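Comments concern the structure below.
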Amino acid sequence: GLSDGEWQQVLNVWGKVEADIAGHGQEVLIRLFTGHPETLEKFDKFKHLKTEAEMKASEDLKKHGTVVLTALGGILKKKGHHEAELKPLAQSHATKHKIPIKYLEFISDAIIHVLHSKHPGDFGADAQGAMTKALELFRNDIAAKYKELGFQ
Ligand code: HEM
């Protein structure tokens, strides 16, 4: 898994997100939707967002960004002992939302991008390495549950 030092870096980076969780969450989703428009189609309630300006102006998009990053933050704070938090999310995303594991890769990449965009020069090589490992662990544990379910 991750070392104690690596987890410390992850949670330090997470403090930066927590200062503006809605702002980070909004930017993560906009990065996801604009880079991969197929992802928007998974959200009946964001389908109407035909432009990035409309996305930016959407308070509901921001609200969902908050929900998403709040859940992720909870999982990260468990430092890999996250089965109870992660299993239900994996199951909802496979069975109800029908989100392929590829889209979780896309959103992981979007998180890394947004961290660099909002914290340029303040999200160093060590920090990126640690956050990347944590998001890979998250994705991998979801993928294990997806396999159980035969999803995708
Ligand atoms: C960091 C990764 C993600 C986290 C932590 C996360 C978390 C959540 C949470 C907590 C909910 C509400 C509870 C639930 O339905 O399980 C939710 C809903 C949902 N998620 Fe995710 N999610 C992630 C990635 C994604 C991705 C990549 C997609 C699609 C590309 C997606 C699609 C959806 C949809 C369609 C809903 C229902 C939205 C609604 O209509 O209210 N999620 N997510």
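All residue numbers here begin at 1 and follow the chain in the order shown.
If you're wondering, the header gives X-ray crystallography, 1.3 Å.
Cβ coordinates are placed from backbone N, Cα and C, and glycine is handled just like the others.
Per Swiss-Prot, the feature domain 'Globin' maps to 1-147; the stated evidence is sequence analysis.
Swiss-Prot lists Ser3 with the feature phosphoserine. Within the same chain, no residue at least six positions away from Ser3 (phosphoserine) has a Cβ under 8 Å of its Cβ.
Using a 10 Å Cβ-Cβ cutoff, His64 (nitrite binding site) registers 17 neighbours. Taken residue by residue with DSSP, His64 (nitrite binding site) is part of a helix. Sequence annotations record features per position, and here Swiss-Prot assigns nitrite binding site to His64 based on experimental evidence.
Residues annotated as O2 binding site in Swiss-Prot: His64.
Within the same chain, residues at least 6 positions away in sequence whose Cβ sits under 8 Å from that of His93 (heme b binding site) are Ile99, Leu104, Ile142. Look at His93 (heme b binding site): DSSP puts it in a helix. Per Swiss-Prot, the feature heme b binding site maps to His93.
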The domain 'Globin' (1-147) - residue tally per DSSP class, helix then strand then coil: 114 helix, 0 strand, 33 coil
